[PDB]
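Chemist: Please find entry_20.txt (compact mmCIF, C-alpha atoms and all ligand atoms) on the next line:
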# COMPACT_ATOMS: atom_id res chain seq x y z
CA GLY A 44 5.65 -5.44 18.77
CA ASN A 45 4.96 -4.40 15.24
CA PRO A 46 3.46 -6.71 12.65
CA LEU A 47 5.53 -8.04 9.70
CA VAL A 48 3.38 -8.71 6.67
CA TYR A 49 4.00 -9.83 3.09
CA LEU A 50 2.75 -9.36 -0.44
CA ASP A 51 3.59 -11.94 -3.18
CA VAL A 52 3.22 -10.19 -6.54
CA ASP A 53 2.92 -11.49 -10.14
CA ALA A 54 3.29 -9.68 -13.51
CA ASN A 55 1.10 -11.22 -16.25
CA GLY A 56 0.80 -14.37 -14.19
CA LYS A 57 4.49 -14.86 -13.36
CA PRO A 58 6.04 -14.29 -9.92
CA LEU A 59 8.09 -11.19 -9.22
CA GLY A 60 8.80 -12.15 -5.61
CA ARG A 61 7.82 -11.07 -2.10
CA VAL A 62 7.65 -7.63 -0.48
CA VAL A 63 7.91 -7.71 3.35
CA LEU A 64 6.51 -4.71 5.22
CA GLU A 65 6.81 -3.61 8.84
CA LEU A 66 3.60 -1.96 10.06
CA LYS A 67 4.20 0.78 12.62
CA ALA A 68 1.57 -0.19 15.19
CA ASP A 69 3.66 1.59 17.77
CA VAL A 70 2.85 4.94 16.07
CA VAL A 71 -0.36 4.34 14.07
CA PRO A 72 -2.10 1.30 15.63
CA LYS A 73 -5.47 1.71 13.92
CA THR A 74 -3.90 2.22 10.49
CA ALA A 75 -1.43 -0.63 10.96
CA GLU A 76 -4.24 -2.95 12.14
CA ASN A 77 -6.37 -2.20 9.07
CA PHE A 78 -3.52 -3.11 6.71
CA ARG A 79 -2.55 -6.21 8.74
CA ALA A 80 -6.06 -7.59 8.65
CA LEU A 81 -6.49 -6.83 4.95
CA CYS A 82 -3.29 -8.85 4.34
CA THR A 83 -4.56 -11.88 6.28
CA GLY A 84 -8.08 -11.59 4.86
CA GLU A 85 -9.43 -12.44 8.35
CA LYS A 86 -12.46 -10.06 8.03
CA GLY A 87 -13.65 -11.80 4.87
CA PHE A 88 -12.07 -9.39 2.38
CA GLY A 89 -8.64 -7.97 1.63
CA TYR A 90 -5.81 -7.60 -0.77
CA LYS A 91 -5.48 -11.18 -2.06
CA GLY A 92 -6.26 -11.24 -5.81
CA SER A 93 -6.15 -7.44 -6.20
CA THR A 94 -3.77 -5.30 -8.29
CA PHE A 95 -1.22 -2.51 -8.34
CA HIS A 96 -3.43 -0.35 -10.60
CA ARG A 97 -1.33 2.82 -10.76
CA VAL A 98 2.46 2.70 -10.91
CA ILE A 99 4.55 5.80 -11.73
CA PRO A 100 8.32 5.24 -12.14
CA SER A 101 10.46 7.47 -9.99
CA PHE A 102 7.47 8.09 -7.70
CA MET A 103 5.43 5.22 -6.24
CA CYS A 104 3.50 1.97 -6.73
CA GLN A 105 -0.21 2.18 -5.72
CA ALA A 106 -2.55 -0.70 -4.91
CA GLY A 107 -5.35 -1.74 -2.58
CA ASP A 108 -8.54 -1.17 -4.61
CA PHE A 109 -9.93 -4.66 -4.15
CA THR A 110 -13.62 -3.55 -4.71
CA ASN A 111 -13.39 -1.67 -8.05
CA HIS A 112 -9.86 -2.50 -9.23
CA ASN A 113 -9.47 0.97 -10.76
CA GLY A 114 -8.45 3.45 -8.06
CA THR A 115 -11.97 4.51 -7.06
CA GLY A 116 -12.63 1.87 -4.39
CA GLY A 117 -11.35 -0.19 -1.53
CA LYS A 118 -12.69 -0.23 2.03
CA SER A 119 -11.27 -0.54 5.51
CA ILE A 120 -11.94 -3.21 8.12
CA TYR A 121 -13.80 -0.52 10.06
CA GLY A 122 -16.12 0.74 7.32
CA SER A 123 -15.85 2.62 4.02
CA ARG A 124 -13.45 5.25 5.38
CA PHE A 125 -11.63 6.09 8.58
CA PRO A 126 -9.89 9.18 9.99
CA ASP A 127 -6.26 10.25 9.51
CA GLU A 128 -4.69 8.75 12.66
CA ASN A 129 -1.72 11.11 12.82
CA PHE A 130 1.01 12.40 10.50
CA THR A 131 3.93 11.51 12.84
CA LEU A 132 5.79 9.42 10.28
CA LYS A 133 7.11 11.19 7.20
CA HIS A 134 7.74 10.25 3.55
CA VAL A 135 11.46 10.13 4.08
CA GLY A 136 12.58 8.05 1.10
CA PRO A 137 12.06 4.93 -0.99
CA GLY A 138 10.29 2.08 0.76
CA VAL A 139 7.81 4.21 2.74
CA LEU A 140 4.35 2.60 2.98
CA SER A 141 1.54 5.21 3.10
CA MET A 142 -2.23 5.49 2.76
CA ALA A 143 -3.84 6.81 -0.39
CA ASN A 144 -6.89 9.05 0.19
CA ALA A 145 -9.46 11.32 -1.41
CA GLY A 146 -8.79 14.20 1.04
CA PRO A 147 -8.80 14.49 4.82
CA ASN A 148 -10.20 11.54 6.75
CA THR A 149 -10.83 9.21 3.77
CA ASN A 150 -8.48 6.27 4.41
CA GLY A 151 -9.88 2.96 3.11
CA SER A 152 -7.61 0.21 1.80
CA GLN A 153 -5.65 1.92 -1.03
CA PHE A 154 -2.01 2.42 -0.28
CA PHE A 155 1.30 3.13 -1.95
CA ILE A 156 4.93 2.15 -1.65
CA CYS A 157 7.29 5.03 -2.43
CA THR A 158 10.23 4.60 -4.78
CA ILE A 159 11.62 8.12 -3.94
CA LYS A 160 11.30 10.59 -1.04
CA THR A 161 7.73 12.04 -1.38
CA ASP A 162 8.01 14.76 1.35
CA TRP A 163 5.33 16.88 -0.44
CA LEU A 164 2.84 14.28 0.91
CA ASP A 165 3.83 14.84 4.58
CA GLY A 166 0.89 15.90 6.67
CA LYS A 167 -1.57 14.83 3.93
CA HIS A 168 -1.08 11.02 3.74
CA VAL A 169 -0.67 8.77 6.77
CA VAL A 170 2.60 6.90 6.66
CA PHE A 171 2.29 3.57 8.53
CA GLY A 172 5.28 1.41 7.70
CA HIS A 173 8.12 0.57 5.38
CA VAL A 174 9.71 -2.12 3.26
CA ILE A 175 11.87 -4.52 5.30
CA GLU A 176 12.86 -6.70 2.28
CA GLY A 177 11.86 -7.02 -1.34
CA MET A 178 12.73 -3.50 -2.46
CA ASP A 179 14.00 -5.28 -5.63
CA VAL A 180 10.46 -6.65 -6.16
CA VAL A 181 9.09 -3.08 -5.69
CA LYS A 182 11.56 -1.92 -8.36
CA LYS A 183 10.33 -4.72 -10.71
CA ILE A 184 6.68 -3.51 -10.18
CA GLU A 185 7.89 0.09 -10.78
CA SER A 186 9.40 -0.94 -14.12
CA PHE A 187 5.98 -2.01 -15.40
CA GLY A 188 4.46 1.44 -14.72
CA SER A 189 4.45 4.58 -16.85
CA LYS A 190 4.38 8.33 -16.33
CA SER A 191 0.55 8.23 -16.76
CA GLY A 192 0.39 5.52 -14.00
CA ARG A 193 -1.03 2.91 -16.41
CA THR A 194 0.74 -0.45 -16.10
CA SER A 195 2.03 -2.37 -19.12
CA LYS A 196 1.48 -5.80 -17.44
CA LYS A 197 -1.29 -6.83 -14.99
CA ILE A 198 0.38 -6.62 -11.56
CA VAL A 199 -1.46 -8.86 -9.04
CA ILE A 200 -0.99 -9.51 -5.31
CA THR A 201 -1.51 -13.29 -5.64
CA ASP A 202 -1.04 -13.97 -1.92
CA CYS A 203 -0.49 -11.91 1.26
CA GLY A 204 -0.44 -12.45 4.99
CA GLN A 205 1.34 -11.99 8.28
CA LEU A 206 4.83 -13.33 9.13
CA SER A 207 4.84 -12.18 12.82
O1 LIG A 301 -4.98 7.97 -5.76
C1 LIG A 301 -5.09 8.47 -4.68
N1 LIG A 301 -6.25 8.81 -4.10
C2 LIG A 301 -7.55 8.74 -4.80
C3 LIG A 301 -8.21 7.37 -4.73
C4 LIG A 301 -8.82 6.94 -3.40
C5 LIG A 301 -8.02 6.65 -2.29
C6 LIG A 301 -8.57 6.15 -1.13
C7 LIG A 301 -9.93 5.92 -1.05
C8 LIG A 301 -10.77 6.20 -2.16
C9 LIG A 301 -10.17 6.68 -3.32
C10 LIG A 301 -12.27 5.94 -2.12
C11 LIG A 301 -12.51 4.76 -1.15
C12 LIG A 301 -11.93 5.16 0.22
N2 LIG A 301 -10.46 5.35 0.14
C13 LIG A 301 -12.60 6.43 0.77
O2 LIG A 301 -13.99 6.15 1.06
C14 LIG A 301 -12.54 7.57 -0.27
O3 LIG A 301 -12.94 7.10 -1.55
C15 LIG A 301 -3.91 8.74 -3.78
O4 LIG A 301 -4.04 9.20 -2.64
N3 LIG A 301 -2.74 8.38 -4.33
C16 LIG A 301 -1.49 8.56 -3.57
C17 LIG A 301 -0.34 7.93 -4.37
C18 LIG A 301 0.82 8.96 -4.31
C19 LIG A 301 0.12 10.32 -4.25
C20 LIG A 301 -1.12 10.05 -3.40
Re-express the file's structure as structure tokens.
Ligand SMILES: O=C(NCCc1ccc2c(c1)[C@H]1C[C@@H](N2)[C@H](O)CO1)C(=O)NC1CCCC1

Modeler:
Amino acid sequence: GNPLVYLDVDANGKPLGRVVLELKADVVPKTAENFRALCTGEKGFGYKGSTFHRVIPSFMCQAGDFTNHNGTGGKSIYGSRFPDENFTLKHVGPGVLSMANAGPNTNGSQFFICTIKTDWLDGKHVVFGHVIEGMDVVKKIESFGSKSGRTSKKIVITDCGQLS
């Protein structure tokens, strides 16, 4: 089956709650496996202690740069970048989980959770799952963003892992 993973997020050191994500290993196994392992930390690195560094209301919440903490870094469990697996899944609406990139075949660890339908990203960013629960926590993170993407509170993934 598909993995269920979680992110526990804080804003300025106080808990916002948990976001539970389904990872679509049935469609994008390599992409789902990268995110799953970065949530557990089983390769020796991952999302624990890293931030949502760019959050744009009415668009998306972006995170995953655990090496530079500024949108320029992150790495995959395979190496510094890996290919676009496929574009089968689309950015159909809020709750879509998708990979950030710096052009074709540059997936690392950065990702975003959509708060609207971002269909203009179809065929350019690999969608690999969706929010199962905690969309209210995603909307709390969204509220601390701005049109520039700069956050008004430090938004940290304090813990993360796999539920099943
Ligand atoms: O902000 C976005 N992309 C630029 C930052 C970025 C993303 C991934 C990676 C890198 C840099 C680094 C490290 C690694 N992976 C590769 O080696 C390439 O260089 C990005 O897609 N936002 C999304 C949010 C909604 C619109 C699109």

Chemist: Show me, as a list in words, the residues that have an atom within 8 Å of stretch 121-124 of chain A when counting all atoms listed in the file, minus same-chain residues fewer than 4 positions from it.

Modeler: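 Close residues of stretch 121-124 of chain A: residues 77, 117, 148, 149, 150 and 151 of chain A.
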
Chemist: Measuring atom to atom with only C-alpha atoms, identify which of A:133, A:67, A:97, A:91 is nearest to residue A:202.

Modeler: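 Comparing A:133, A:67, A:97, A:91 against residue A:202, the winner is A:91.
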
Chemist: Just how far from atom CA of residue A:44 is atom CA of residue A:201, in Å to one decimal?

Modeler: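 Between atom CA of residue A:201 and atom CA of residue A:44 the gap works out to 26.6 Å.
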
Chemist: Considering all atoms listed in the file, state which residue in the set A:129, A:207, A:101, A:115 is at the smallest distance from residue A:182.

Modeler: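 Distance minimum relative to residue A:182 lands on A:101.
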
Chemist: If you measure from atom CA of residue A:195 to atom CA of residue A:65, what distance in Å do you get, rounded to one decimal?

Modeler: 28.4 Å

Chemist: Select from chain A every residue with an atom at most 8 Å from any atom of ligand LIG 301 (chain A), then for each give the shortest pair of atoms and their distance in Å to one decimal, using only C-alpha atoms and all ligand atoms, rows by chain and rising number, as JSON lines.

Modeler:
{"residue": "A:102", "atom": "CA", "partner": "A:LIG301", "partner_atom": "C18", "distance": 7.5}
{"residue": "A:103", "atom": "CA", "partner": "A:LIG301", "partner_atom": "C18", "distance": 6.2}
{"residue": "A:104", "atom": "CA", "partner": "A:LIG301", "partner_atom": "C17", "distance": 7.5}
{"residue": "A:105", "atom": "CA", "partner": "A:LIG301", "partner_atom": "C17", "distance": 5.9}
{"residue": "A:108", "atom": "CA", "partner": "A:LIG301", "partner_atom": "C11", "distance": 7.9}
{"residue": "A:114", "atom": "CA", "partner": "A:LIG301", "partner_atom": "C3", "distance": 5.1}
{"residue": "A:115", "atom": "CA", "partner": "A:LIG301", "partner_atom": "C9", "distance": 4.7}
{"residue": "A:116", "atom": "CA", "partner": "A:LIG301", "partner_atom": "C11", "distance": 4.3}
{"residue": "A:117", "atom": "CA", "partner": "A:LIG301", "partner_atom": "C11", "distance": 5.1}
{"residue": "A:118", "atom": "CA", "partner": "A:LIG301", "partner_atom": "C12", "distance": 5.7}
{"residue": "A:119", "atom": "CA", "partner": "A:LIG301", "partner_atom": "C12", "distance": 7.8}
{"residue": "A:123", "atom": "CA", "partner": "A:LIG301", "partner_atom": "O2", "distance": 5.0}
{"residue": "A:124", "atom": "CA", "partner": "A:LIG301", "partner_atom": "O2", "distance": 4.4}
{"residue": "A:125", "atom": "CA", "partner": "A:LIG301", "partner_atom": "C13", "distance": 7.9}
{"residue": "A:142", "atom": "CA", "partner": "A:LIG301", "partner_atom": "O4", "distance": 6.8}
{"residue": "A:143", "atom": "CA", "partner": "A:LIG301", "partner_atom": "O4", "distance": 3.3}
{"residue": "A:144", "atom": "CA", "partner": "A:LIG301", "partner_atom": "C6", "distance": 3.6}
{"residue": "A:145", "atom": "CA", "partner": "A:LIG301", "partner_atom": "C2", "distance": 4.7}
{"residue": "A:146", "atom": "CA", "partner": "A:LIG301", "partner_atom": "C14", "distance": 7.7}
{"residue": "A:149", "atom": "CA", "partner": "A:LIG301", "partner_atom": "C13", "distance": 4.5}
{"residue": "A:150", "atom": "CA", "partner": "A:LIG301", "partner_atom": "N2", "distance": 4.8}
{"residue": "A:151", "atom": "CA", "partner": "A:LIG301", "partner_atom": "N2", "distance": 3.9}
{"residue": "A:152", "atom": "CA", "partner": "A:LIG301", "partner_atom": "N2", "distance": 6.1}
{"residue": "A:153", "atom": "CA", "partner": "A:LIG301", "partner_atom": "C6", "distance": 5.1}
{"residue": "A:154", "atom": "CA", "partner": "A:LIG301", "partner_atom": "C16", "distance": 7.0}
{"residue": "A:155", "atom": "CA", "partner": "A:LIG301", "partner_atom": "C17", "distance": 5.6}
{"residue": "A:157", "atom": "CA", "partner": "A:LIG301", "partner_atom": "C18", "distance": 7.8}
{"residue": "A:164", "atom": "CA", "partner": "A:LIG301", "partner_atom": "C19", "distance": 7.1}
{"residue": "A:168", "atom": "CA", "partner": "A:LIG301", "partner_atom": "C20", "distance": 7.2}

Chemist: So that I can see what lies close to residue A:172, please list as a VMD selection string the residues with an atom at most 10 Å from it, counting only C-alpha atoms and leaving out residues fewer than 4 positions away in the same chain.

Modeler: chain A and resid 45 to 47 64 to 68 70 to 71 74 to 75 78 132 to 133 138 to 142 156

Chemist: Compare A:184, A:159, A:82, A:174 by their minimum atom-to-atom distance to residue A:58, counting only C-alpha atoms, and give me the closest one.

Modeler: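 Smallest distance to residue A:58 is found for A:184.
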
Chemist: Select, from A:120, A:55, A:147, A:111, the residue with the minimum atom-to-atom distance to residue A:88, counting only C-alpha atoms.

Modeler: A:120

Chemist: What does the distance from atom CA of residue A:137 to atom CA of residue A:110 come to in Å, to one decimal?

Modeler: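 For atom CA of residue A:137 relative to atom CA of residue A:110, the distance reads 27.3 Å.
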
Chemist: Nearest residue to residue A:73 out of A:86, A:57, A:127, A:135, using only C-alpha atoms?

Modeler: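 The closest residue to residue A:73 is A:127.
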
Chemist: Could you check the closest approach to residue A:109 for each of A:203, A:126, A:175, A:89 and tell me which residue wins, using all atoms listed in the file?

Modeler: A:89

Chemist: Take the point (3.1, -10.9, 0.8) as written in the file and pick out every residue within 8 Å of it, counting all atoms listed in the file; give the list as a ChimeraX atom specification.

Modeler: /A:48-52,61-63,82,200,202-205

Chemist: Let me have the centre and edge lengths in Å, one decimal, of the box along x, y and z around every listed atom of stretch 89-102 of chain A with 5 Å of margin on each side, as AutoDock Vina command-line options.

Modeler:
--center_x 0.9 --center_y -1.6 --center_z -5.3 --size_x 29.1 --size_y 29.3 --size_z 23.8

Chemist: Name the residues in contact with residue A:188 at a cut-off of 7 Å, using only C-alpha atoms, excluding same-chain residues fewer than 6 positions from it; report them as a ChimeraX atom specification.

Modeler: /A:98-100,194-195

Chemist: Reconstruct stretch 66-85 of chain A at the level of N, CA and C atoms, and format the result as a compact mmCIF listing (two decimals), in the coordinates of the input.

Modeler:
# COMPACT_ATOMS: atom_id res chain seq x y z
N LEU A 66 4.71 -2.88 9.82
CA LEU A 66 3.60 -1.96 10.06
C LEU A 66 3.80 -1.31 11.40
N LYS A 67 3.84 0.03 11.42
CA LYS A 67 4.20 0.78 12.62
C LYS A 67 3.05 0.93 13.59
N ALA A 68 2.64 -0.19 14.19
CA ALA A 68 1.57 -0.19 15.19
C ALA A 68 1.88 0.60 16.43
N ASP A 69 3.20 0.76 16.71
CA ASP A 69 3.66 1.59 17.77
C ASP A 69 3.35 3.05 17.58
N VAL A 70 3.15 3.52 16.30
CA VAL A 70 2.85 4.94 16.07
C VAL A 70 1.42 5.15 15.57
N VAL A 71 0.95 4.23 14.72
CA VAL A 71 -0.36 4.34 14.07
C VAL A 71 -1.06 2.98 14.20
N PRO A 72 -1.50 2.63 15.44
CA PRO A 72 -2.10 1.30 15.63
C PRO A 72 -3.34 1.02 14.80
N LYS A 73 -4.24 1.99 14.65
CA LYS A 73 -5.47 1.71 13.92
C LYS A 73 -5.18 1.51 12.43
N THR A 74 -4.26 2.29 11.90
CA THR A 74 -3.90 2.22 10.49
C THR A 74 -3.12 0.94 10.21
N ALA A 75 -2.19 0.60 11.13
CA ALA A 75 -1.43 -0.63 10.96
C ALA A 75 -2.39 -1.85 11.04
N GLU A 76 -3.35 -1.81 12.00
CA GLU A 76 -4.24 -2.95 12.14
C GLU A 76 -5.11 -3.18 10.93
N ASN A 77 -5.58 -2.08 10.32
CA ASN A 77 -6.37 -2.20 9.07
C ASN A 77 -5.55 -2.93 8.00
N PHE A 78 -4.31 -2.49 7.78
CA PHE A 78 -3.52 -3.11 6.71
C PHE A 78 -3.22 -4.58 7.05
N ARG A 79 -2.88 -4.83 8.34
CA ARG A 79 -2.55 -6.21 8.74
C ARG A 79 -3.70 -7.15 8.45
N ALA A 80 -4.92 -6.75 8.86
CA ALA A 80 -6.06 -7.59 8.65
C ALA A 80 -6.45 -7.75 7.19
N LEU A 81 -6.22 -6.71 6.38
CA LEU A 81 -6.49 -6.83 4.95
C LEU A 81 -5.50 -7.77 4.27
N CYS A 82 -4.26 -7.90 4.87
CA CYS A 82 -3.29 -8.85 4.34
C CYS A 82 -3.70 -10.29 4.69
N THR A 83 -4.19 -10.52 5.93
CA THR A 83 -4.56 -11.88 6.28
C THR A 83 -5.86 -12.29 5.62
N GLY A 84 -6.75 -11.32 5.38
CA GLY A 84 -8.08 -11.59 4.86
C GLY A 84 -9.04 -12.02 5.95
N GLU A 85 -8.67 -11.88 7.24
CA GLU A 85 -9.43 -12.44 8.35
C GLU A 85 -10.82 -11.84 8.51
